[PDB]
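Asks: Give me coordinates for this.
(6 chains)
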Amino acid sequence: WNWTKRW
Amino acid sequence: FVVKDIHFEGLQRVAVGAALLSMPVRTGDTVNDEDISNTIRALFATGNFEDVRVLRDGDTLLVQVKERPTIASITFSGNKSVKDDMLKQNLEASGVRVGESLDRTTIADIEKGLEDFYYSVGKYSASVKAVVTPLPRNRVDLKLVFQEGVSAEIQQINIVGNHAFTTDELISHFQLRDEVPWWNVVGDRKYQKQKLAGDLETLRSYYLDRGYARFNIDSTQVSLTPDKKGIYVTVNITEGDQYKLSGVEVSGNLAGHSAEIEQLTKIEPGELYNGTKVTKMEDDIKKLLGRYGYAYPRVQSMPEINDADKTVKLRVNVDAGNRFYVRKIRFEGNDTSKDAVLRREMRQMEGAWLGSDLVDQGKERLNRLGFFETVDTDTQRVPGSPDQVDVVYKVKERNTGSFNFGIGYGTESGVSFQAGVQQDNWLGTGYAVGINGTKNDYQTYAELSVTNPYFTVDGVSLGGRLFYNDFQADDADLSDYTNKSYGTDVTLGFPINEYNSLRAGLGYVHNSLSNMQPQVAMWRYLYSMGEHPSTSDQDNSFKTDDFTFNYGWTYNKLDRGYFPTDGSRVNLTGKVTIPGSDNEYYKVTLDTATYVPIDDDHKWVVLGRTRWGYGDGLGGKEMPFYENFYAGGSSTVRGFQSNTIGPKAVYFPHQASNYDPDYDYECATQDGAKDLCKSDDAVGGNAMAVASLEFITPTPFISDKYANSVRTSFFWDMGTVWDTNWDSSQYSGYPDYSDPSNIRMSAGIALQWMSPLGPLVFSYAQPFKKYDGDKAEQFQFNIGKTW
Amino acid sequence: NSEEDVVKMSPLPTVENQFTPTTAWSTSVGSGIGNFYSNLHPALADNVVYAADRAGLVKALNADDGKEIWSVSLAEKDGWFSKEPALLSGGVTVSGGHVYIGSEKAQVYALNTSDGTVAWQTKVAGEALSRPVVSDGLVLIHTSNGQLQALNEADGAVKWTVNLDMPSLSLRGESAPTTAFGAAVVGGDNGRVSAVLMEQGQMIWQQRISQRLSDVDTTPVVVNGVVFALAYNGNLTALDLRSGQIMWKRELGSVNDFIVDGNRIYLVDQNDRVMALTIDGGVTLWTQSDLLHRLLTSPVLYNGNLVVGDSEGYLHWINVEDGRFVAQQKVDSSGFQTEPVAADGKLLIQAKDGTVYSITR
Amino acid sequence: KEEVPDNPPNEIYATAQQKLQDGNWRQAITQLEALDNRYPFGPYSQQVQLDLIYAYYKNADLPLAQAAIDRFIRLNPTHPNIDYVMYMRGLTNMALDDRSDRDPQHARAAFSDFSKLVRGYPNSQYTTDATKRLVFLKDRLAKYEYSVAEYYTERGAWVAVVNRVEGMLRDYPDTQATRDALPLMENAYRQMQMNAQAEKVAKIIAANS
Amino acid sequence: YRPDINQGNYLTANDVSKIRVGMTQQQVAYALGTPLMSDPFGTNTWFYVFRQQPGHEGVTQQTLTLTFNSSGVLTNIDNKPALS
Amino acid sequence: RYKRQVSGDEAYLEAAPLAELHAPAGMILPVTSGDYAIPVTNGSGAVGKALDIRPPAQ
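Replies: Numbering: from 1, shown residues only, chains lettered A, B, ... in the order given. Sure, the structure comes next:
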């Protein structure tokens, strides 16, 4: 899967 | 009617003097009905008066004006699929905003504007209602209620007039979609004018790249169902006959470069007309002229078509313009990133002659960096110089930090977890700093990495890494032992050919081994290392510190990253322990992959993979048994259980740590063990050779609209691993594990595609040449795992 | 994640069956039309019913017990593996020993009623989305391009073509011309009723009867020197047969057809509001707001009662004197999208899954 | 959400002043915004606007402060307290500028605003602060030019280096960056083998240092 | 490894033969172009430098120095085909 | 924000004085163009925490 969220 | 004084009733915000100036009438002049009407109309058009009444008293011209209530707030309700801020921006661009006055007649206009916006975004049944809440001091609040409705989706794409290519094959390359399976990632099924135009251009290119020089799109039609929940697209086209290319002709002010240009316009007689090739020829001529100082080398191609023979002859008109020199290159919008970060990506030098190709390449490199959302260029002129310009790059800065967390599954390692946090533009200096971690059945890994991508102006990179690793052998289909290691590593990176890349570096690693199962190979390495452990229990321990020199070379030429159809990739890696360390050895590995297409459409391909490896010790010692090479499994030889090929362990008679019947043990002393003991559990070897030949074919049953998103292959794999130090003379009763001739072979079928869970790979293979001890696993799969 | 709709679906009316309806027989055809908006529907001629599906299968059934007579598939196949659908969309027409069907591939087939063998097949300008009206030895076709073509029924060779304008965005489906006094009156996707002489196709008149707002006519009707037309989102109009000058207007329209009986006009509004107007001035005699947004089908006047299907699969009888429901039935689960066919004392209707039903009382 | 009661303007303004003196800006901004919204033409709308400019600036709401300053300048070109507004505009641009390698456009804007202030009203009370800020900004811009020339020196572009150092000697002749950059010009001239020009640059360097 | 570094004006070897003593600045600029370098320290002198250094192949430069007079009339021409 | 608060609230820095450039004999320096010129403003006003920026009472 792999979720990626920018901070 | 002469006027002696002027009076107003209702002026709140507009100044009295401003109103007097605005009104053409002035005190001390004749006034008539026409003048009164003109003043009334001017006041109405002022945009701040709702009702205007110019009445005449006995002597004074009294005016009654009901100033339009001021807008104090605009509220939205139901904008589920529309951002409130963007809706406010659209409204203020339209004209309605806070602070201004509200017109009690343009409510319908505002509602219809919002409905038009909804129609544009996709919803055709959307409705908008406006509510007005008056408030004291001539104020008002405007509230909007939205019934979004249900969006309309594409229900069919039809092409009428295609007799050589099927509609399914043609629309397979479009951006617009009419079918989306739940098991693929092909796209969304919405309708957009830009996508429709792009699809028309794609269809035109598809036909022009095949020799249909007379292709023409007669028309296009878009229809909605009466309930307005489905969209039908039709494209009426007219494909002609296939044409041949008779020849080419070049003319214009070539500037004395005719001899060099003719070589770019050489073709084989009898070739089929192509469009991509013609564009490439034009681009080649443009680059040729740009290399000679010309900033705008204009080129146009005109085809002349003869139907009697069905042949096309090109006519290329070339105009090499004038020479322009760049006086400055300016970057604006880089509030965070420093100047050099953007400047070092430029292919063009300030203070040299101009090149449009170079400017475009610099823009493309800036886009590839990843620190910006948008990049724009603007080649301005310099006043007072007829041949000088200033290049300006305008960038909007993105946010470069991120978190990521991922989950995958597979037969190789079971459930796999990944997590990390990354910062790609540390303080706008370009340094990339991150910390990552991974966990699966048999190991846990954590690392902290810091990289400088431009240690030298040419692009040489300098990176550093700190890592901790924990490895449990018995969970990986090997003989039991535990290895906990940690260390640091520093590396340089040299680009040399835009396909080739070298790297060299140094590293330090500390390894701590425990819980080692007594066996001949491990106790052969330990003796060379100087240890003399006992062979009756697995309460062991052994620690070593090593400094190594690392090197590698990579060559990448694959045309595409996902489902490549042509190219090669070669990766050589090495390592050698430099003096002063506990372990003296060297290790080398070589990866090869090659694709060869056997068609013009690149649907039938041949893939060849190889994997070689060899290592050994130097100062009378041996390579550590935890550096071994493993074969088997879906990575190397499909159809075999992971890490099953190669030598097998041979144990000593030893007492179990905590004996308990009903459990299977490796011939422990408490089960009647009095001599050496064979096994079926792999240990690896220090030499490895693996090869695989694969044939990639179109998927047979899947619908042709999306059959290019699934890859189908038939494969044949060979592999072998061996231990060159195994002395067969001493152990005569056991197999010779130092023979390279024990080749394991399997054959079968495999499928790959991208799913909502990530990449999916499935394989079924049948190992038809295997040796005693090897464990077969025909069905293998991997779900969403890319780490 | 959630979804919503602007207009709430109307509830199923509760009525007490004055009489009990039945279902004499039901036969199956392969997959019907599905979710696609098609004009395909069965036809009756000489005690036998012809049906088809979008894939290409065409069947003839006995009108009394539903027994199959012949069946032929018009889908071309490149061997035993490849099979591309014919995409049949033009309603089945029968006249003079032929079965005419249009196709989304700009093809018109004329099969034989006796054997099911293709008598001829012609290529037209575009998708044949309309019922192939037959008149005076000609077969009129309204293609999706806005072109009205006239084929020969015996040869199949196009005689004349008339070009009509099309807007940027339209509604799916096309109007079927009606022939009266040696002239064909048709409607356009731009909201204009036009008349063409069938000898060559020369336009006689054409006028706007319309109010992103669209306006599409879809099959006017002609009686006693007058032409009644409906434009979607526009207005009903009864115009003269010679000059085309509007006589009277009513701000109500729809895409599905309407019927004219005696001195009354039965139609279904865009919002599924059944009405019953008059011919003199169109003053409404009654209305039914019980089925709003139920997606009704074209009304059919069977045994003196209007019959309409709906997407949910229910078939409703409604009186004509006052408009009060006289019977309600549940027939199919897939629903009804295409018009019912009433003729020769029979009422046949095809569901979205191809199941042709014969209903009785 | 920081709801403001419909109290009389005098009382709400007194509360706003008290909170400004206390030193909390978030609530004072809400009070002043509510007052302005409810009384678009109140007796002290101009005072509300000035207090709002001050509060937006000191609350780090620089875009809103800039919008308010622009509106105020457009509407009241002859307001006696306009020099205060131009000083505030310069301060806001310096704050946005906030790192000499980065974008100098805000430094240029601040320099323009302070120059207009000092050249228009030399008898104002903000003129000394304006001049000190002008000196700082001129040095910052010279430093940006020096950074670009220094990058091109390592890139190896010897015409860009001399052109940029000449632009420095022309625009910013009296800063430390120019003195630091003169050797870069000499090196570029020598690398292109223009010893005649390198000698002149060396003469300047020797005569100055 | 690295890209190619270009600097100065592009001299074709035909334009340089087109300039003769006695020409004005306008004529010289028309023939060759606006120089990327002049002399800012008083005297008027135009430097036409043509420097190119392709990818790790070596540097080649040509220099053309044009010395005018107070009235902008060419007085001296100096040509260096290659840099020592 | 965090970088911006320091500037917006209280920070103040004093840079080096601007000094003229000498021209060796036999040559001159490039022209100045007066684009970035600081006029001399006499007077000793407030600066650097001694100047109050609160709006005047008008």
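Asks: Okay, and the nearest residue to residue B:700 once chain neighbours are set aside sits in which element?
Replies: In this structure, residue B:700 finds its nearest non-sequential neighbour in residue B:712, 7.4 Å apart by CB to CB, 6 or more residues apart in numbering or on different chains. Using the backbone N, CA and C atoms, a C-beta is placed for each residue, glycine as well. Taking DSSP states H and E as the definition, one finds residue B:712 inside strand B:710-722.
Asks: So in that sheet, which strands flank the following helix or strand past that strand, and in what orientation?
Replies: Under the assignment DSSP H and E, the closest C-terminal helix or strand after strand B:710-722 is strand B:744-755. Using DSSP bridges, strand B:744-755 pairs in its sheet with strand B:710-722 (antiparallel), strand B:758-769 (antiparallel).
Asks: Tell me how far residue F:10 lies from residue D:58.
Replies: In this structure, residue F:10 and residue D:58 are 10 Å apart, going by CB to CB, to the nearest Å.
Asks: more crowded one of these two?
Replies: Legend: neighbour count by other CB atoms under 10 Å in any protein chain shown for residue F:10 and residue D:58, higher for residue D:58 (20 against 8).
Asks: Run through the residues that contact that one.
Replies: Residues in contact with residue D:58 (CB atoms under 8 Å, 6 or more residues apart in numbering or on different chains) are D:25, F:8-9.
Asks: Who wins on neighbours among these?
Replies: Neighbour counts for these (other CB under 10 Å) peak at residue F:8, which has 22 neighbours.
Asks: Doesn't that residue belong to a helix?
Replies: Yes: membership of residue F:8 in a helix is supported by DSSP: H, G, I helix; E, B strand; the rest coil.
Asks: measure it to residue D:60 for me?
Replies: Counting by CB to CB, the gap from residue F:8 to residue D:60 is 5 Å.
Asks: what is in contact with the two at once?
Replies: Common contacts of residue F:8 and residue D:60 (CB under 8 Å, 6+ apart): residue D:95.
Asks: what helix or strand does the most centrally placed residue in chain D sit in?
Replies: Using CA atoms, centre = their mean, the residue of chain D that lies closest to the mean C-alpha position is residue D:110, 2.6 Å off. Using DSSP H and E, residue D:110 maps to helix D:105-120.
Asks: Going by neighbour count, which residues in the helix or strand just after that helix are buried?
Replies: Next helix or strand after helix D:105-120 toward the C-terminus (DSSP H and E): helix D:127-155. By neighbour count on 16 or more other CB atoms under 10 Å in any protein chain shown, the buried set for helix D:127-155 is D:127-153, D:155.
Asks: And for stretch B:754-766?
Replies: Neighbour-count burial for stretch B:754-766, counted by 16+ other CB under 10 Å, picks out B:754, B:758, B:760-761, B:763, B:765.
Asks: again with stretch C:328-342
Replies: Using 16+ other CB under 10 Å as the test for burial, stretch C:328-342 gives C:328-329, C:331-332, C:334-342.
Asks: before we move on, what about stretch E:22-29?
Replies: Buried positions in stretch E:22-29, judged by neighbour count with 16+ other CB under 10 Å: E:23, E:25, E:28-29.
Asks: Give me the subset of those residues lying in strands.
Replies: Judged by DSSP state E, the subset of the buried residues of stretch E:22-29 located in strands is empty.
Asks: can I get those residues in JSON lines with distance to residue D:194?
Replies: Formatted as JSON lines, these follow (distance: CB to CB, whole Å):
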{"residue": "E:23", "distance to residue D:194": "23"}
{"residue": "E:25", "distance to residue D:194": "20"}
{"residue": "E:28", "distance to residue D:194": "19"}
{"residue": "E:29", "distance to residue D:194": "21"}
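Asks: In helices, which of these appear?
Replies: Those of the buried residues of stretch E:22-29 mapping onto helices are E:25, E:28-29, per DSSP state H.
Asks: can you narrow the residues you listed to ones near chain F?
Replies: Taking CB under 8 Å from any CB of the partner chain as the test, chain F is in contact with none of those.
Asks: need the residues of chain D near chain A, please.
Replies: Counting by CB under 8 Å from any CB, chain D has no residue next to chain A.
Asks: Would you mind measuring from the residue positioned nearest the centre of chain E to residue B:20?
Replies: Residue closest to the mean C-alpha point of chain E, counted by CA atoms, centre = their mean, is residue E:48 at 1.4 Å. Using CB to CB, we find residue E:48 at a distance of 67 Å from residue B:20.
Asks: Then residue B:716?
Replies: 96 Å.
Asks: and if you look at residue F:16?
Replies: Counting by CB to CB, the gap from residue F:16 to residue B:20 is 57 Å.
Asks: who has more neighbours, those two?
Replies: Higher neighbour count among residue F:16 and residue B:20: residue B:20, with 13 against 10, using other CB under 10 Å.
Asks: Mind telling me what element the more buried one is part of?
Replies: Using DSSP H and E, residue B:20 falls within helix B:16-22.
Asks: What residues of the next helix-or-strand element following that helix count as buried?
Replies: Elements were assigned by DSSP H and E; along the chain past helix B:16-22, the next helix or strand is helix B:33-45. Residues of helix B:33-45 classed as buried: B:35-36, B:39-40, B:42-43 (neighbour count, 16+ other CB under 10 Å).
Asks: Which one of those is nearest to chain C?
Replies: Closest to chain C out of those is residue B:40 (33.9 Å), distances taken as CB to the nearest CB.
Asks: who's in contact with that closest one?
Replies: Applying CB under 8 Å, 6+ apart to residue B:40 gives the contacts B:52-54.
Asks: What of residue B:124?
Replies: Residue B:124 makes contacts with B:149, B:152, B:224, B:228, as judged by CB under 8 Å, 6+ apart.
Asks: out of the residues you listed, which are inside strands?
Replies: Those of the contacts of residue B:124 lying in strands (DSSP E): residue B:224.
Asks: Quick check: the farthest pair among the contacts of residue B:124?
Replies: Using CB to CB, the contacts of residue B:124 span at most 13.0 Å, a distance reached by B:149 and B:224.
Asks: isn't residue B:432 right next to residue B:401, touching?
Replies: No: if you go by CB atoms under 8 Å, residue B:432 and residue B:401 don't touch, sitting 10.8 Å apart.
Asks: which of these two has more neighbours?
Replies: Neighbour count, other CB under 10 Å: between residue B:432 and residue B:401, residue B:432 has more, with 18 against 15.
Asks: Not counting sequence-adjacent ones, nearest residue to the more buried one?
Replies: Distances taken as CB to CB, 6+ apart put residue B:451 closest to residue B:432, at 4.6 Å, once the chain neighbours are dropped.
Asks: Just grab the bridge partners of the one you found for me.
Replies: residue B:432, residue B:463.
Asks: thought it was touching residue B:461?
Replies: Yes: the pair residue B:451 / residue B:461 is scored as a contact, 6.5 Å apart, by CB under 8 Å.
Asks: could you pull out the strands for the stretch 251-361 of chain C?
Replies: Under the criterion DSSP state E, counting those that start in this stretch, the stretch 251-361 of chain C carries strands at the ranges C:259-261, C:264-268, C:274-278, C:286-288, C:300-302, C:305-308, C:314-318, C:325-330, C:341-343, C:346-350, C:356-360.
Asks: What's the separation between residue E:74 and residue D:194?
Replies: For residue E:74, the distance to residue D:194 (CB to CB) stands at 19 Å.
Asks: my guess is residue B:491 contacts residue B:455, does it?
Replies: No: in this structure residue B:491 lies outside contact range of residue B:455 using CB under 8 Å: 10.6 Å.
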